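Subsequent text provides C-alpha cells for two forms of one protein chain, presented individually as structure 1 and structure 2.
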Structure 1
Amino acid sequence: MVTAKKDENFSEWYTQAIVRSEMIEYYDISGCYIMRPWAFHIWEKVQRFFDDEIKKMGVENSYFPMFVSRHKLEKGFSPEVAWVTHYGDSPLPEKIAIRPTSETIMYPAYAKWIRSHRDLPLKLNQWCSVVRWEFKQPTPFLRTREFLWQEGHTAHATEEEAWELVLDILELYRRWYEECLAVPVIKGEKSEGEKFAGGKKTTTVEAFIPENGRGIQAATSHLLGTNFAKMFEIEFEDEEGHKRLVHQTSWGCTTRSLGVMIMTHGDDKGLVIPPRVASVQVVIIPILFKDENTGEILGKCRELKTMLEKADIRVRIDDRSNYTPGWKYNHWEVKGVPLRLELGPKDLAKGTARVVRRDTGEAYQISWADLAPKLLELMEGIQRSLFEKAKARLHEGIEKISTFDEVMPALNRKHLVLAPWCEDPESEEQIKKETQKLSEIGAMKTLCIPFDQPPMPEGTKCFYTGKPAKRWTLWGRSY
C-alpha cells in the first residue's frame, strides 16, 4: 500500500504510486522504464481514441525506419542524439542515428511523393518510440530517454488548410486529456522563444501540477509554414501550372499523458483511474470466510458480471483463492479501479451488493436490478467529478497579475502567472535569468499565450518592460 503522502514528499508519493499499482518497473538503463500491463492498457485506450479520431480526418498510419544516416540528420539538439556505431565488433562504414523525431526521415520521401495538387493534402501519422538522451532529470512517463508517441506530419496546398488541421489536431489533444483522462488543459500559442524553431507557429495544450507548481506541455501542434518545404524541396504544381511550396504541420503527444493523469487524480491511497480509460471499471470481490456459502456467492458474481457487460461495463471478478478479501480491497484500490463491488453472505440474502467508489470512498447499497444503470451513473459521476475538481485546482493555481513584483511571491505559492506582456525577444530570457537569480536564495518561462484572452484595457503596460502590452501570457516553473 502507498504510505508517502501526496502533499508531503511529492516525488516519493509518485514513485510509490506507480510502482505499487504495478504500472512501472525500474530498469538498469537510466531514464528508461518498463511499462507493465496496468499502465500499458491505459495507453491503449487513449491510443485507440486518438487513432480513431485522426482516421475520420483522412490521416493514414505508416511506419518509417528508426534509423537516419549521419549526413541526413546533420542538415541545440545535437547532445540528445543516440548514435549506433557498430554491429557486433564491426564498425559501421558510417555511424547511424536512432530517431529523436522523424522530419529528416519522412521529408525526403515527401519531396519524392508530392508532384501536383492531386497529391495533396498528404496526411500521415506513426505510432512508434523515439530516443532522446535527455539532460534533465528523468521521470517515469513525463520525461524518459525512450518514449512512446505518435507523430503526425501533413502537407497541404494552402496555409489556411494546414492551419485548420493544426487546430483540429489540437482540439483532439484537448479531448485526449479532458475527455479521456479528465485532465484540464489550456490551449495556447508558444512564444517566439519556446516555439519549434523549424516552424511558423507552435500551438500547445498545457497542464498544471499543483503539488510542485509546475506547468507541463501536454501535447503540441505546429503550423510549419513552408520552411521545411524549401529545405527538402517539397513542391507541387498548382491548378495553373506553376511550382508552389507545400504548407506543412506536425504534431505529437506521448506517454507523458499518463504521468499527467496519475499526478492529477491520484490520492494518498494511490491511483485513481478515470472510468473512460480504466481497463477494469468494476471489480467484483466475493467475500469468503469459514466456508460460508462459497458456491452461491461465486454463482451470483458470474451472473452479475454478464448483466453488467450487456451495458458495456468492463468488469473483473477477482475470484483468486490465494488472497484475502481485504488484500483484494487494498490491491484494486492502489490500482485505482473506479468501483469495487463487494458480495458476502449478508448481501446475498438481501438481493443487494455494496459498492464503493474509489474517488471519494462513498459506499452504496444497491439492488441487483438497479446495478447497471446505477453503476453507469456513478461512472459518469466519477469521470465528471475528477475533471471538475482538477479544473478548480487548475484555476486556484493561476494568478492574474500586473507587475513583476507580483511574480516571485506567486511562484512561492506554487502558482503560475497570467500577466500582460509585450512579446519581444529579449524579455523572456531576461525574465528567466532574473527569476533564476532570485529563486536561488528555479526559472520561470512562458508556458503559452492562451487562445482565450481576457480583455486588455487600453494603455495597459507589459509587466516587466513597462512598454505597451499586447496579450496575456501564462508563465511559471515547468517540466
Structure 2
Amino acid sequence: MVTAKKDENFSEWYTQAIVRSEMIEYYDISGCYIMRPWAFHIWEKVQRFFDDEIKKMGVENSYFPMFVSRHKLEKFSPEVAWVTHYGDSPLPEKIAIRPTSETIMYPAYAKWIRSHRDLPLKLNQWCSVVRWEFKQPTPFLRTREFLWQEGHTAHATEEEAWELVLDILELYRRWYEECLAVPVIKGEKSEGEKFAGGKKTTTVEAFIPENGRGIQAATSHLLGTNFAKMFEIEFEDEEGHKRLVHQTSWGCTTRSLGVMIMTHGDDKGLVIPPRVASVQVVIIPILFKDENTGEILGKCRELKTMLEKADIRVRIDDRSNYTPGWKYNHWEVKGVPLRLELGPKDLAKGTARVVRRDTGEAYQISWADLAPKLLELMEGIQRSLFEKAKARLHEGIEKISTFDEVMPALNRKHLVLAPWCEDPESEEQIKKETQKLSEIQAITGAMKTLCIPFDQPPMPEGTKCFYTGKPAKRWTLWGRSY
C-alpha cells in the first residue's frame, strides 16, 4: 500500500509508511501525533530494556510534577508552553509545562543532599515533555510533545560521575543496536554544540542515508559542579568540609522509534526488528470467501499455541472478505518480520511456508520444527538488519583532508570525517560558509559537527586541520543534521 519510493520521495514515503502501518494518527494540533499500539509496543519494549538496565545500576524511578512555576524555571525561552488560566480564572503566576526537569528536580536535590552518606543520588523519570519547536515537525524525530526518560545523578567525585556517564552511553548504544538494530557512533560533542549547563557532553549519533542527515540519538552529560553552585547542592564530606556535588544528566526520547523506521524500511513499507516487534509471526490462513470449514483455522490455532509456548508473539489474521494476497501486503506494510502461510496443501503435507520480511526468502518447515526454526530465523533477521544497516552507515561517511572535499561529499548526501583543530570560532565559520555555499548551489543546509568519535581512525604525524590549517587534534564527524 506504499506508493512513494523510499530513495526518491523520502518524506512522502515516511508519512505514508507511518500512517498505513497503523503506527501514528495525525492530530489537529501541529507537531503532535497519536501513537497507536503498533509503535507504542516498540516504545514499551525499549523502555523495559533500559529500565531493567538502570535498575541494575541502582538508579531509582520517580515522578516530579509537569508544572514548574515561572520564578523556578527562570534563574530556550521561546519554546516554553505557559499556563495562565484555570477555567476563566487567571493564575497569580504563570506556570510552565515541563520542557525538562532540572529546575524542578535540583531544588529537591539541594534539600535531600546534606552529607556524604546521601551520595550518590541516582534518579530517573519516564515522562512526556512539551517544547514549541520552531523547526518544522517530523513524527517521532521532532515533535512538540514527546515521550522520554531523563536521568539525573549526583556523586561525591567527578570520576564516579564520569563512569556513570559512560555506562549510560553504553546503555544507549545497546538501546539502539541490540533492541532497534540501528548502528550508532559514540562521540564527544564540540564545545559549541554541547549542553551549555555542563562540562562535557557525550552522545550517540545515527545517520539517515536517504537525505544524508545526521541525527542525535541520545545524550549523556558530565554536568560537573556548576548546577550544584547554581542550586546550592552541597554536602559535608568526612572531614566536615562543604563540597559541591558532581552531577550527570542523560535522556532519550521516542525519536529512536523514528530512527528505526528510517533505517530498516523499504519500498513495501516498514521492517520491524523481531526484538521489538508487537507481532513477530503472523499466521495467515489461505482462505477465500464464505468457506471456512474449521480445518485450517483449527490448525492455525494449534500452531499459535505451539509458537507461544516458545515465547514468540503471534497473531492469526483470520479476517473475512480479505484475500490472502491483501493480508500479505497488509502485514508486509506493517513490517511483521515473519509471515506464516498455512493452506490446504500445507495441511495435507504437515508443513507451513514461512516468508522473511527483510529478504523475502521462503522456507518450507514441518510443524514439529516450527518453533526452533522460527527462533533461529528471528535472530538471523535481527542480526542481518543490523549488519546491512551498519554497512550503509559506514558507506555514508567520507574521510576527507581539505575543505575543498566538503561540498561534493555533502552533495552525495554523506557525512564527512575530517581532522579538526577543535577551536570554537572555526565551527561557526564553517557552518556559515557551508550554509552560504549551500544556498548558492540550491536549485538548514549548514554543516555542523555531529561528534568527536571515541573510535578514532589513525592520525598520521603532522596532519593539519581541514579548515584552519592548524595542527589537527582528532577526527571529527560533520554533516547536515536534524
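Numbering for residues begins at 1 and runs along the sequence of structure 1. Superpose the two forms; the largest set of C-alphas matching within 1.5 Å is the rigid core.
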Note to self: Which residue of 292, 168, 233, 388 is the mover here, meaning its C-alpha shifts by 2 Å or more between structures 1 and 2 once both are aligned on the rigid core?
What the structure shows: 292
Note to self: So that I can tell if residue 321 moves, could you say whether its C-alpha shifts by at least 2 Å between structures 1 and 2 after the core superposition?
What the structure shows: yes
Next item on the list: State the core-superposed CA shift for residue 347 between structures 1 and 2, in Å to one decimal.
Entry: 0.5
